[PDB]
$ cat my_file.txt   # compact mmCIF, C-alpha atoms and all ligand atoms
# COMPACT_ATOMS: atom_id res chain seq x y z
CA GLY A 58 -9.32 13.88 -16.98
CA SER A 59 -11.08 15.93 -14.26
CA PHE A 60 -11.50 14.43 -10.81
CA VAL A 61 -14.82 12.99 -12.08
CA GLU A 62 -12.79 11.55 -15.01
CA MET A 63 -10.46 9.81 -12.45
CA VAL A 64 -13.19 8.47 -10.12
CA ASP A 65 -13.42 4.65 -10.56
CA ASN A 66 -10.07 4.43 -12.55
CA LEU A 67 -8.82 1.51 -10.41
CA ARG A 68 -9.66 -2.15 -10.56
CA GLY A 69 -8.22 -5.31 -9.03
CA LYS A 70 -8.57 -8.85 -7.72
CA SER A 71 -8.76 -9.56 -3.99
CA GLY A 72 -5.31 -9.82 -2.44
CA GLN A 73 -3.56 -8.99 -5.75
CA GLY A 74 -3.76 -5.18 -5.49
CA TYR A 75 -5.16 -2.41 -7.61
CA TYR A 76 -4.24 -1.30 -11.12
CA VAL A 77 -4.70 1.78 -13.25
CA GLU A 78 -4.53 2.01 -17.07
CA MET A 79 -1.44 3.70 -18.45
CA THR A 80 -0.42 4.18 -22.12
CA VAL A 81 3.28 3.78 -22.95
CA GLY A 82 4.89 4.80 -26.28
CA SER A 83 3.64 5.93 -29.64
CA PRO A 84 1.41 4.77 -30.95
CA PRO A 85 0.00 4.11 -27.44
CA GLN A 86 0.14 0.65 -25.88
CA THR A 87 -2.48 0.42 -23.05
CA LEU A 88 -1.39 -1.69 -20.06
CA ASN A 89 -2.81 -2.39 -16.61
CA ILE A 90 -0.36 -1.19 -14.07
CA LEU A 91 -0.39 -1.99 -10.31
CA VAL A 92 -0.37 1.14 -8.01
CA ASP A 93 2.49 0.55 -5.45
CA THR A 94 3.27 3.14 -2.80
CA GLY A 95 5.91 0.90 -1.32
CA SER A 96 8.35 1.15 -4.26
CA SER A 97 9.76 3.73 -6.65
CA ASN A 98 10.19 2.03 -10.10
CA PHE A 99 7.92 2.16 -13.07
CA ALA A 100 8.34 -1.37 -14.56
CA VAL A 101 6.34 -3.21 -17.14
CA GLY A 102 6.33 -6.78 -18.47
CA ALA A 103 8.18 -6.58 -21.83
CA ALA A 104 8.56 -10.16 -23.11
CA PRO A 105 6.29 -13.20 -23.30
CA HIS A 106 5.20 -14.80 -20.08
CA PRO A 107 2.74 -17.70 -19.52
CA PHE A 108 0.61 -15.40 -17.28
CA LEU A 109 0.74 -12.45 -19.64
CA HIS A 110 -0.90 -12.07 -23.04
CA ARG A 111 0.04 -8.45 -23.33
CA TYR A 112 3.18 -6.68 -22.41
CA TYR A 113 5.13 -3.61 -23.42
CA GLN A 114 6.61 -4.10 -26.90
CA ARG A 115 9.55 -1.68 -27.14
CA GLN A 116 9.91 -2.40 -30.84
CA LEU A 117 6.41 -1.07 -31.57
CA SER A 118 7.11 2.30 -29.90
CA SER A 119 8.69 4.95 -32.11
CA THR A 120 9.35 7.25 -29.07
CA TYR A 121 11.16 4.56 -26.99
CA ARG A 122 14.83 5.19 -26.05
CA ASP A 123 17.18 2.57 -24.54
CA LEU A 124 19.29 3.77 -21.49
CA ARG A 125 21.62 0.88 -22.27
CA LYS A 126 21.62 -0.29 -18.61
CA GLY A 127 19.99 -3.25 -16.81
CA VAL A 128 18.32 -3.30 -13.43
CA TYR A 129 17.77 -6.32 -11.18
CA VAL A 130 15.08 -6.30 -8.36
CA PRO A 131 15.15 -9.26 -5.86
CA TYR A 132 12.20 -9.52 -3.47
CA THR A 133 11.90 -11.88 -0.49
CA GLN A 134 9.89 -14.31 -2.58
CA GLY A 135 10.86 -13.65 -6.18
CA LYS A 136 12.34 -11.06 -8.46
CA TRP A 137 12.28 -9.13 -11.68
CA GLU A 138 14.94 -7.83 -13.99
CA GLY A 139 15.05 -5.70 -17.16
CA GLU A 140 16.42 -2.95 -19.36
CA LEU A 141 15.92 0.69 -18.42
CA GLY A 142 14.67 3.17 -21.02
CA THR A 143 12.40 6.16 -21.35
CA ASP A 144 9.21 6.52 -23.26
CA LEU A 145 6.17 8.83 -23.44
CA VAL A 146 3.53 7.97 -20.76
CA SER A 147 -0.03 9.15 -20.05
CA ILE A 148 -2.93 8.10 -17.85
CA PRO A 149 -6.11 7.88 -20.07
CA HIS A 150 -8.31 8.21 -16.92
CA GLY A 151 -6.08 10.69 -15.13
CA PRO A 152 -4.71 14.18 -16.01
CA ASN A 153 -4.66 15.50 -19.60
CA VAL A 154 -0.87 15.44 -20.07
CA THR A 155 1.97 13.20 -21.48
CA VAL A 156 5.36 12.89 -19.91
CA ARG A 157 8.66 11.30 -20.75
CA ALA A 158 9.33 8.88 -17.93
CA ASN A 159 11.70 6.11 -17.01
CA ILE A 160 10.44 2.57 -17.65
CA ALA A 161 12.07 -0.65 -16.77
CA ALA A 162 11.15 -3.20 -19.44
CA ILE A 163 10.89 -6.41 -17.41
CA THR A 164 12.71 -9.08 -19.50
CA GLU A 165 12.81 -11.85 -16.93
CA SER A 166 10.94 -12.47 -13.62
CA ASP A 167 10.34 -15.13 -10.92
CA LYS A 168 7.05 -15.36 -8.92
CA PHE A 169 6.14 -11.75 -9.83
CA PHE A 170 3.37 -12.25 -12.41
CA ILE A 171 0.71 -14.59 -10.94
CA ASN A 172 -2.20 -16.43 -12.63
CA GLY A 173 -5.14 -14.04 -13.24
CA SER A 174 -3.60 -10.90 -11.67
CA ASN A 175 -4.62 -8.86 -14.77
CA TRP A 176 -1.83 -6.24 -14.42
CA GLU A 177 1.21 -6.16 -16.57
CA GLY A 178 3.42 -3.84 -14.57
CA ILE A 179 4.03 -1.78 -11.43
CA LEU A 180 3.85 1.98 -10.85
CA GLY A 181 6.25 2.76 -7.95
CA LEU A 182 4.80 5.89 -6.35
CA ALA A 183 7.25 6.17 -3.52
CA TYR A 184 10.40 8.44 -3.49
CA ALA A 185 13.78 8.28 -5.36
CA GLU A 186 15.79 7.09 -2.35
CA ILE A 187 14.39 3.57 -2.73
CA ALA A 188 14.40 3.36 -6.63
CA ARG A 189 16.63 0.68 -8.23
CA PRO A 190 19.33 0.61 -9.19
CA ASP A 191 20.00 3.93 -7.25
CA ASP A 192 18.22 7.14 -6.47
CA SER A 193 19.39 8.78 -9.63
CA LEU A 194 16.67 6.98 -11.62
CA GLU A 195 13.82 9.50 -11.38
CA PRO A 196 10.48 7.93 -10.36
CA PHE A 197 7.34 8.38 -12.47
CA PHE A 198 5.52 10.85 -10.16
CA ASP A 199 8.61 13.09 -9.88
CA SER A 200 8.70 13.30 -13.77
CA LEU A 201 4.96 14.02 -13.85
CA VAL A 202 5.31 16.96 -11.51
CA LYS A 203 8.48 18.44 -13.05
CA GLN A 204 7.03 18.25 -16.60
CA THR A 205 3.48 19.49 -16.15
CA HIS A 206 1.48 21.82 -13.92
CA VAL A 207 0.02 18.77 -12.01
CA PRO A 208 -0.03 19.51 -8.27
CA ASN A 209 2.43 17.50 -6.18
CA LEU A 210 -0.18 15.23 -4.63
CA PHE A 211 -2.24 12.13 -5.33
CA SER A 212 -5.00 10.27 -3.51
CA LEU A 213 -6.18 6.73 -3.37
CA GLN A 214 -9.67 5.30 -2.67
CA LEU A 215 -9.34 1.52 -2.55
CA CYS A 216 -12.74 -0.16 -2.14
CA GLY A 217 -13.29 -3.50 -0.35
CA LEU A 228 -10.69 -14.39 -7.02
CA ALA A 229 -13.03 -11.45 -6.26
CA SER A 230 -13.27 -8.14 -8.17
CA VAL A 231 -12.50 -4.75 -6.50
CA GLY A 232 -12.72 -1.10 -7.66
CA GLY A 233 -11.31 2.27 -6.60
CA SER A 234 -10.03 5.73 -7.56
CA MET A 235 -6.53 7.28 -7.90
CA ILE A 236 -6.89 11.01 -8.07
CA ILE A 237 -3.71 12.57 -9.48
CA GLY A 238 -2.90 16.09 -8.40
CA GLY A 239 -5.94 16.56 -6.20
CA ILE A 240 -8.53 15.72 -3.60
CA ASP A 241 -12.08 14.78 -4.52
CA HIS A 242 -14.56 15.51 -1.66
CA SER A 243 -17.05 13.06 -3.22
CA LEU A 244 -14.76 10.18 -2.14
CA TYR A 245 -14.89 10.76 1.59
CA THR A 246 -17.15 11.93 4.36
CA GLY A 247 -16.29 13.86 7.52
CA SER A 248 -12.86 14.65 8.90
CA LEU A 249 -9.61 14.61 6.83
CA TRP A 250 -6.69 14.05 9.31
CA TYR A 251 -2.98 14.37 8.40
CA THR A 252 0.10 12.60 9.76
CA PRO A 253 3.65 13.76 8.92
CA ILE A 254 5.75 11.92 6.43
CA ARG A 255 8.74 11.18 8.64
CA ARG A 256 11.29 10.67 5.82
CA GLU A 257 10.73 10.83 2.01
CA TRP A 258 11.79 7.27 1.07
CA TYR A 259 8.93 4.90 1.69
CA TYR A 260 5.74 6.83 2.77
CA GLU A 261 7.05 6.48 6.38
CA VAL A 262 4.80 7.51 9.26
CA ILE A 263 4.77 7.25 13.10
CA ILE A 264 2.32 5.11 15.15
CA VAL A 265 2.18 6.43 18.77
CA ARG A 266 -0.43 3.96 20.20
CA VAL A 267 -2.30 0.79 19.32
CA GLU A 268 -5.59 -0.27 20.88
CA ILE A 269 -7.54 -3.56 20.43
CA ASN A 270 -11.28 -2.98 21.42
CA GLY A 271 -10.20 0.02 23.53
CA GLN A 272 -7.37 -1.76 25.39
CA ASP A 273 -3.96 -0.24 24.96
CA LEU A 274 -1.23 -2.69 24.04
CA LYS A 275 1.06 -0.79 26.35
CA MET A 276 4.30 -1.32 24.48
CA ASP A 277 7.14 1.20 24.25
CA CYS A 278 5.84 3.19 21.31
CA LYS A 279 9.08 2.56 19.30
CA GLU A 280 8.12 -1.15 19.05
CA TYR A 281 5.25 -0.03 16.79
CA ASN A 282 7.62 1.50 14.28
CA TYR A 283 10.41 -1.02 14.50
CA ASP A 284 12.16 -0.53 12.23
CA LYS A 285 9.76 1.69 10.25
CA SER A 286 6.01 2.08 9.64
CA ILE A 287 4.82 2.60 6.04
CA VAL A 288 1.76 3.11 4.00
CA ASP A 289 1.89 0.47 1.12
CA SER A 290 -0.86 -0.14 -1.39
CA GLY A 291 1.28 -2.98 -2.86
CA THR A 292 0.97 -5.09 0.29
CA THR A 293 -2.30 -6.87 1.11
CA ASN A 294 -2.12 -7.37 4.92
CA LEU A 295 -1.59 -5.19 7.90
CA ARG A 296 1.85 -6.36 8.78
CA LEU A 297 3.26 -5.92 12.28
CA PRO A 298 6.71 -6.17 13.88
CA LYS A 299 6.95 -9.49 15.63
CA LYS A 300 6.52 -8.25 19.27
CA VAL A 301 3.52 -6.18 18.28
CA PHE A 302 2.03 -9.01 16.13
CA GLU A 303 2.24 -11.37 19.18
CA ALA A 304 0.61 -8.80 21.50
CA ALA A 305 -2.16 -8.12 19.03
CA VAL A 306 -2.92 -11.76 18.28
CA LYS A 307 -2.96 -12.52 22.04
CA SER A 308 -5.51 -9.68 22.50
CA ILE A 309 -7.56 -10.67 19.44
CA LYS A 310 -7.63 -14.31 20.64
CA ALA A 311 -8.84 -13.14 24.05
CA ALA A 312 -11.82 -11.28 22.63
CA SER A 313 -12.83 -14.14 20.28
CA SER A 314 -12.08 -16.91 22.84
CA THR A 315 -15.59 -18.44 22.36
CA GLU A 316 -14.06 -19.78 19.09
CA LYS A 317 -10.93 -21.90 19.25
CA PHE A 318 -9.19 -21.62 15.91
CA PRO A 319 -6.31 -23.74 14.69
CA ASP A 320 -2.77 -22.26 14.82
CA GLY A 321 -2.78 -22.01 11.00
CA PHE A 322 -5.61 -19.51 11.05
CA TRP A 323 -3.51 -17.05 13.21
CA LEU A 324 -0.63 -17.68 10.77
CA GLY A 325 -2.79 -16.67 7.80
CA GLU A 326 -2.45 -20.23 6.46
CA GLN A 327 -6.09 -21.48 6.83
CA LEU A 328 -9.63 -20.27 6.59
CA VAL A 329 -12.20 -20.60 9.33
CA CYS A 330 -15.85 -20.76 8.44
CA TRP A 331 -19.39 -20.27 9.74
CA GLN A 332 -22.80 -21.07 8.17
CA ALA A 333 -23.77 -18.55 5.45
CA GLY A 334 -24.85 -15.22 7.05
CA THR A 335 -24.05 -16.28 10.70
CA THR A 336 -20.45 -15.01 11.13
CA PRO A 337 -20.21 -13.70 14.80
CA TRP A 338 -18.53 -10.36 13.97
CA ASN A 339 -19.12 -8.91 17.43
CA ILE A 340 -16.61 -11.30 18.91
CA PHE A 341 -13.76 -9.85 16.86
CA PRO A 342 -12.33 -6.59 18.14
CA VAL A 343 -11.80 -3.27 16.28
CA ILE A 344 -8.17 -2.12 16.01
CA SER A 345 -7.18 1.50 16.34
CA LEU A 346 -3.81 2.87 15.21
CA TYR A 347 -2.93 6.34 16.59
CA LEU A 348 -0.85 8.28 14.04
CA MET A 349 1.28 11.28 14.98
CA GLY A 350 -0.66 14.49 14.23
CA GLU A 351 0.78 17.60 12.54
CA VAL A 352 0.67 19.43 15.91
CA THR A 353 3.43 18.18 18.09
CA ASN A 354 1.34 16.93 21.02
CA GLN A 355 -1.47 15.43 19.08
CA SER A 356 -2.40 12.22 17.43
CA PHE A 357 -5.46 10.88 15.68
CA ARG A 358 -6.69 7.35 15.35
CA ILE A 359 -7.65 5.20 12.49
CA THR A 360 -10.06 2.42 13.44
CA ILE A 361 -10.56 -0.68 11.39
CA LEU A 362 -13.44 -3.17 11.60
CA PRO A 363 -12.88 -6.93 11.81
CA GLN A 364 -14.49 -6.92 8.44
CA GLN A 365 -11.19 -5.37 7.24
CA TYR A 366 -8.76 -7.74 8.75
CA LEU A 367 -10.78 -10.87 8.24
CA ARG A 368 -11.01 -11.35 4.56
CA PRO A 369 -13.45 -13.61 2.73
CA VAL A 370 -12.40 -16.30 0.30
CA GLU A 371 -15.29 -17.99 -1.45
CA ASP A 372 -14.13 -21.60 -1.23
CA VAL A 373 -15.00 -24.59 -3.50
CA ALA A 374 -16.25 -27.43 -1.19
CA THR A 375 -18.06 -24.66 0.73
CA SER A 376 -20.96 -22.72 -0.79
CA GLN A 377 -22.95 -23.42 2.38
CA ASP A 378 -20.28 -21.47 4.34
CA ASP A 379 -18.77 -17.99 4.79
CA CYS A 380 -15.00 -18.54 4.97
CA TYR A 381 -12.31 -16.11 6.16
CA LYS A 382 -8.62 -15.51 6.15
CA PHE A 383 -6.73 -13.66 8.97
CA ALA A 384 -5.04 -10.73 7.21
CA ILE A 385 -2.70 -9.49 9.89
CA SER A 386 0.72 -11.06 9.71
CA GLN A 387 4.20 -10.88 11.21
CA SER A 388 7.03 -8.68 9.86
CA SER A 389 10.74 -8.34 10.35
CA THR A 390 10.79 -5.07 8.33
CA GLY A 391 8.40 -2.84 10.30
CA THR A 392 4.72 -2.10 10.21
CA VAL A 393 3.11 -2.12 6.80
CA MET A 394 -0.26 -0.64 6.37
CA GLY A 395 -1.39 -2.44 3.25
CA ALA A 396 -4.77 -2.90 1.61
CA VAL A 397 -6.24 -4.12 4.91
CA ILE A 398 -5.81 -0.63 6.36
CA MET A 399 -6.24 1.45 3.23
CA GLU A 400 -9.58 -0.10 2.10
CA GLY A 401 -11.52 1.64 4.92
CA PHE A 402 -10.04 5.03 3.94
CA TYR A 403 -9.50 7.82 1.48
CA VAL A 404 -5.74 8.21 1.64
CA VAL A 405 -4.11 11.49 0.50
CA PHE A 406 -0.39 11.31 -0.33
CA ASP A 407 0.41 15.01 0.07
CA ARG A 408 3.95 15.09 -1.17
CA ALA A 409 3.90 18.93 -1.46
CA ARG A 410 3.16 19.33 2.27
CA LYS A 411 5.14 16.15 3.40
CA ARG A 412 2.11 14.47 4.95
CA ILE A 413 -0.49 11.67 4.52
CA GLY A 414 -4.19 12.31 5.13
CA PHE A 415 -6.89 9.80 6.14
CA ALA A 416 -10.68 10.24 5.96
CA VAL A 417 -13.43 7.60 6.13
CA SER A 418 -14.06 6.30 2.55
CA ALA A 419 -17.40 6.83 0.79
CA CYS A 420 -17.04 3.13 -0.25
CA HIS A 421 -17.70 1.46 3.09
CA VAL A 422 -17.43 -2.14 4.28
CA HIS A 423 -19.47 -1.59 7.51
CA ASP A 424 -20.51 -3.75 10.55
CA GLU A 425 -24.16 -3.86 11.69
CA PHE A 426 -23.39 -1.94 14.91
CA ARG A 427 -19.89 -0.36 14.34
CA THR A 428 -17.99 1.66 11.66
CA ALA A 429 -14.36 2.18 10.43
CA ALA A 430 -13.44 5.62 11.74
CA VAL A 431 -11.00 8.55 11.55
CA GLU A 432 -11.05 10.54 14.81
CA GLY A 433 -9.00 13.19 16.72
CA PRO A 434 -7.38 14.89 18.22
CA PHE A 435 -5.99 12.94 21.14
CA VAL A 436 -3.49 14.81 23.20
CA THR A 437 -0.45 13.49 24.92
CA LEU A 438 1.23 15.55 27.67
CA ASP A 439 4.46 13.71 26.85
CA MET A 440 4.98 10.09 25.88
CA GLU A 441 7.97 10.12 23.52
CA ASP A 442 9.74 10.14 20.21
CA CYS A 443 8.14 6.94 18.81
CA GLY A 444 10.39 6.90 15.69
CA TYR A 445 13.06 4.25 15.41
CA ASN A 446 16.46 5.15 13.96
CA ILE A 447 17.68 2.44 11.63
CA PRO A 448 21.34 1.74 12.24
CA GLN A 449 23.43 3.43 9.55
CA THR A 450 25.43 0.95 7.43
CA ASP A 451 28.86 1.87 6.00
CA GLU A 452 27.33 1.08 2.57
CA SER A 453 24.63 3.86 3.11
CA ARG A 454 27.00 6.36 4.75
CA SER A 455 29.52 6.49 1.92
CA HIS A 456 27.30 6.89 -1.21
CA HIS A 457 27.24 10.55 -2.14
CA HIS A 458 23.94 12.23 -2.83
CA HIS A 459 25.05 15.26 -4.83
CA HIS A 460 21.51 16.64 -4.84
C1 LIG B 1 4.02 -4.78 -4.78
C2 LIG B 1 4.11 -6.28 -5.06
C3 LIG B 1 3.47 -6.78 -6.37
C4 LIG B 1 5.63 -6.57 -5.00
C5 LIG B 1 5.85 -8.06 -5.03
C6 LIG B 1 6.94 -8.67 -5.68
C7 LIG B 1 7.02 -10.08 -5.70
CL1 LIG B 1 8.39 -10.96 -6.47
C8 LIG B 1 6.04 -10.85 -5.06
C9 LIG B 1 4.94 -10.28 -4.42
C10 LIG B 1 4.82 -8.90 -4.41
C11 LIG B 1 3.67 -8.20 -3.71
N1 LIG B 1 3.03 -8.87 -2.74
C12 LIG B 1 1.86 -8.50 -1.96
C13 LIG B 1 0.63 -9.33 -2.42
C14 LIG B 1 0.45 -9.00 -3.88
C15 LIG B 1 0.87 -9.84 -4.93
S1 LIG B 1 0.44 -8.95 -6.36
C16 LIG B 1 -0.27 -7.49 -5.78
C17 LIG B 1 -0.15 -7.71 -4.42
BR1 LIG B 1 -0.88 -6.21 -3.33
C18 LIG B 1 2.09 -8.72 -0.48
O1 LIG B 1 3.17 -9.22 -0.12
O2 LIG B 1 1.20 -8.42 0.34
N2 LIG B 1 3.42 -7.00 -4.00
ZN ZN B 2 -9.88 3.19 -20.38
ZN ZN B 3 30.88 12.83 -4.27
ZN ZN B 4 21.42 10.27 -4.24

$ encode --input "my_file.txt" --output "structure tokens" --more "lines below"
Ligand SMILES: CC1(C)Cc2cc(Cl)ccc2C(N[C@@H](Cc2cscc2Br)C(=O)O)=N1
Ligand SMILES: [Zn+2]
Ligand SMILES: [Zn+2]
Ligand SMILES: [Zn+2]
Amino acid sequence: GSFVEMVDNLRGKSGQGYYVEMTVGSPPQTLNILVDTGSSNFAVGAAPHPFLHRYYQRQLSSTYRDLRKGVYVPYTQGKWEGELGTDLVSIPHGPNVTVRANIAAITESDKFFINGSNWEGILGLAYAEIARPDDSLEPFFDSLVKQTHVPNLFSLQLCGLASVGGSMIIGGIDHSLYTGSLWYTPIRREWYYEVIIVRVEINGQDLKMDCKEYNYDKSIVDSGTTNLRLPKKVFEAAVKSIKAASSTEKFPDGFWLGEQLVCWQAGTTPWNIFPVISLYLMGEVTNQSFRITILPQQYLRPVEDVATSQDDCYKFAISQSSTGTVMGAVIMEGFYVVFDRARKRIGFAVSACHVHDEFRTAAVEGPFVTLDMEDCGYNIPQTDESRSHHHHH
């Protein structure tokens, strides 16, 4: 389990995320577990399901312990529930260690497991504050670091239903996985991997919004979300600008809504008419920022259709949010992303696995200096619910 032993430890399907192999219990049960930086629970399918043929069998693990407490996790479009416990956990293609970690055994779920996902669980890599049922349930990566000498850092190379590969390096940075500059942006608060967007450009034109609109009500880096997701005012601005550039094509509404493909004749897709998008992230130095630039190849995603082998067909992978900006697989695929928990920051470098345009490339570039501008962070109104709960830690 060197960094060479962790290179190419991820796999996935397109638009259904990336998974890593983990062994739970003794004797080991090997399971394919989705890597999810936008959540904080380790949870694994643990009863029969029509879309699963393997799951975690608690009864076959001699080292399993029941915490005698349930957890229930509702999402916008489904849910899971289960029994908490602890078991022994290792990553065959990751560090050479075993840890005792919390595991939610998923006993029931709705619209969580889909047809041909090929993962049987979720590895929440975010921080304790967002773990269910409360932040006292220690997340997997926190247990890894407290129990071993593994450095407090991990990095993801996610390479661009269709197969996809990648690398999760645990406790390090592998220079083979990126070229050129590694740029860091501060983690704003340790809950999600929350960051601050100071500027957005579409083919060099500034959206000119109050910078707080970009981060309303947060901006996060989330490997468990497919799209780039944008607060509604920002989404409208961006689509208006993207439509302007590509105006030689008049797409149906449903395309802009992510509901419909649009096609061209095989090999003739007019990429040059779709703009690059640059997101400027707050730099470590107080005046500075740096930009990540994504190609339209990143935000226009291919689906090989069924009455269409003659055609190249695409889905628009930028969608509206009412919960902030989410930089999902659409952003991360271009990049080597370093989650530097130890130093409270997130690095970006251009990935060595590159989905590149004939003329242009996805880029990581700085610094850019701002005499002033602003605090671009948004302060989420504090509920009485969140104010009262004690955090004796
Ligand atoms: C992290 C995870 C699995 C959490 C989740 C829970 C539920 Cl109930 C439904 C969809 C998702 C979900 N949706 C992704 C798409 C997706 C479905 S499976 C892996 C991925 Br990435 C998204 O909204 O972009 N992601
Ligand atoms: Zn293996
Ligand atoms: Zn108290
Ligand atoms: Zn607490």

$ residues_around --input "my_file.txt" --residues "residue 192 in chain A" --least-positions-apart "5" --cutoff "10 Å" --atoms "all atoms listed in the file" --output "ChimeraX atom specification"
/A:97,184-187,258,458

$ residues_near_ligand --input "my_file.txt" --ligand "ligand ZN 2 (chain B)" --cutoff "10 Å" --atoms "all atoms listed in the file" --output "ChimeraX atom specification"
/A:66,77-80,87-89,148-151

$ write_last_selection --input "my_file.txt" --atoms "C-alpha atoms" --output "PDB file, in the coordinates of the input"
ATOM      1  CA  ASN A  66     -10.070   4.430 -12.550  1.00  0.00           C
ATOM      2  CA  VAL A  77      -4.700   1.780 -13.250  1.00  0.00           C
ATOM      3  CA  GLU A  78      -4.530   2.010 -17.070  1.00  0.00           C
ATOM      4  CA  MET A  79      -1.440   3.700 -18.450  1.00  0.00           C
ATOM      5  CA  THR A  80      -0.420   4.180 -22.120  1.00  0.00           C
ATOM      6  CA  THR A  87      -2.480   0.420 -23.050  1.00  0.00           C
ATOM      7  CA  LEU A  88      -1.390  -1.690 -20.060  1.00  0.00           C
ATOM      8  CA  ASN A  89      -2.810  -2.390 -16.610  1.00  0.00           C
ATOM      9  CA  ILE A 148      -2.930   8.100 -17.850  1.00  0.00           C
ATOM     10  CA  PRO A 149      -6.110   7.880 -20.070  1.00  0.00           C
ATOM     11  CA  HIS A 150      -8.310   8.210 -16.920  1.00  0.00           C
ATOM     12  CA  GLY A 151      -6.080  10.690 -15.130  1.00  0.00           C
TER      13      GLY A 151
END

$ atom_distance --input "my_file.txt" --atom1 "CA of residue 319 in chain A" --atom2 "CA of residue 295 in chain A"
20.3 Å

$ residues_around --input "my_file.txt" --residues "residue 448 in chain A" --least-positions-apart "4" --cutoff "12 Å" --atoms "all atoms listed in the file" --output "PDB file with C-alpha atoms, in the frame of the given file"
ATOM      1  CA  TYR A 283      10.410  -1.020  14.500  1.00  0.00           C
ATOM      2  CA  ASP A 284      12.160  -0.530  12.230  1.00  0.00           C
ATOM      3  CA  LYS A 285       9.760   1.690  10.250  1.00  0.00           C
ATOM      4  CA  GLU A 452      27.330   1.080   2.570  1.00  0.00           C
ATOM      5  CA  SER A 453      24.630   3.860   3.110  1.00  0.00           C
ATOM      6  CA  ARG A 454      27.000   6.360   4.750  1.00  0.00           C
TER       7      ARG A 454
END

$ closest_atom_pairs --input "my_file.txt" --of "chain A" --to "ligand LIG 1 (chain B)" --cutoff "8 Å" --atoms "all atoms listed in the file" --output "Markdown table"
| residue | atom | partner | partner_atom | distance |
| --- | --- | --- | --- | --- |
| A:72 | CA | B:LIG1 | BR1 | 5.8 |
| A:73 | CA | B:LIG1 | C16 | 3.6 |
| A:74 | CA | B:LIG1 | BR1 | 3.7 |
| A:75 | CA | B:LIG1 | BR1 | 7.1 |
| A:91 | CA | B:LIG1 | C16 | 7.1 |
| A:93 | CA | B:LIG1 | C1 | 5.6 |
| A:95 | CA | B:LIG1 | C1 | 6.9 |
| A:96 | CA | B:LIG1 | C1 | 7.4 |
| A:131 | CA | B:LIG1 | CL1 | 7.0 |
| A:132 | CA | B:LIG1 | CL1 | 5.1 |
| A:133 | CA | B:LIG1 | CL1 | 7.0 |
| A:134 | CA | B:LIG1 | CL1 | 5.3 |
| A:135 | CA | B:LIG1 | CL1 | 3.7 |
| A:136 | CA | B:LIG1 | CL1 | 4.4 |
| A:137 | CA | B:LIG1 | CL1 | 6.8 |
| A:166 | CA | B:LIG1 | CL1 | 7.7 |
| A:167 | CA | B:LIG1 | CL1 | 6.4 |
| A:168 | CA | B:LIG1 | CL1 | 5.2 |
| A:169 | CA | B:LIG1 | CL1 | 4.1 |
| A:170 | CA | B:LIG1 | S1 | 7.5 |
| A:171 | CA | B:LIG1 | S1 | 7.3 |
| A:174 | CA | B:LIG1 | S1 | 7.0 |
| A:179 | CA | B:LIG1 | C3 | 7.1 |
| A:290 | CA | B:LIG1 | BR1 | 6.4 |
| A:291 | CA | B:LIG1 | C1 | 3.8 |
| A:292 | CA | B:LIG1 | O2 | 3.3 |
| A:293 | CA | B:LIG1 | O2 | 3.9 |
| A:294 | CA | B:LIG1 | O2 | 5.8 |
| A:395 | CA | B:LIG1 | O2 | 7.1 |
| A:396 | CA | B:LIG1 | BR1 | 7.1 |

$ atom_distance --input "my_file.txt" --atom1 "CA of residue 366 in chain A" --atom2 "CA of residue 234 in chain A"
21.2 Å

$ closest_atom_pairs --input "my_file.txt" --of "chain A" --to "ligand ZN 3 (chain B)" --cutoff "12 Å" --atoms "all atoms listed in the file" --output "JSON lines"
{"residue": "A:454", "atom": "CA", "partner": "B:ZN3", "partner_atom": "ZN", "distance": 11.8}
{"residue": "A:455", "atom": "CA", "partner": "B:ZN3", "partner_atom": "ZN", "distance": 9.0}
{"residue": "A:456", "atom": "CA", "partner": "B:ZN3", "partner_atom": "ZN", "distance": 7.6}
{"residue": "A:457", "atom": "CA", "partner": "B:ZN3", "partner_atom": "ZN", "distance": 4.8}
{"residue": "A:458", "atom": "CA", "partner": "B:ZN3", "partner_atom": "ZN", "distance": 7.1}
{"residue": "A:459", "atom": "CA", "partner": "B:ZN3", "partner_atom": "ZN", "distance": 6.3}
{"residue": "A:460", "atom": "CA", "partner": "B:ZN3", "partner_atom": "ZN", "distance": 10.1}

$ atom_distance --input "my_file.txt" --atom1 "CA of residue 200 in chain A" --atom2 "CA of residue 214 in chain A"
22.9 Å

$ closest_residue --input "my_file.txt" --among "A:114, A:86, A:194, A:94" --to "ligand ZN 4 (chain B)" --atoms "all atoms listed in the file"
A:194

$ residues_around --input "my_file.txt" --residues "residue 336 in chain A" --least-positions-apart "5" --cutoff "10 Å" --atoms "only C-alpha atoms" --output "PyMOL selection string"
chain A and resi 330-331+378-381

$ axis_aligned_box --input "my_file.txt" --around "range 310-320 of chain A" --padding-each-side "3 Å" --output "AutoDock Vina command-line options"
--center_x -9.2 --center_y -17.5 --center_z 19.4 --size_x 18.8 --size_y 18.5 --size_z 15.4

$ closest_residue --input "my_file.txt" --among "A:247, A:271, A:239, A:190" --to "ligand ZN 4 (chain B)" --atoms "only C-alpha atoms and all ligand atoms"
A:190

$ closest_residue --input "my_file.txt" --among "A:438, A:115, A:126, A:193" --to "ligand ZN 4 (chain B)" --atoms "all atoms listed in the file"
A:193

$ residues_around --input "my_file.txt" --residues "residue 104 in chain A" --least-positions-apart "2" --cutoff "10 Å" --atoms "only C-alpha atoms" --output "ChimeraX atom specification"
/A:101-102,106,109-115,139,162-165

$ residues_around --input "my_file.txt" --residues "residue 316 in chain A" --least-positions-apart "3" --cutoff "9 Å" --atoms "all atoms listed in the file" --output "MDAnalysis selection string"
chainID A and resid 310 313 340
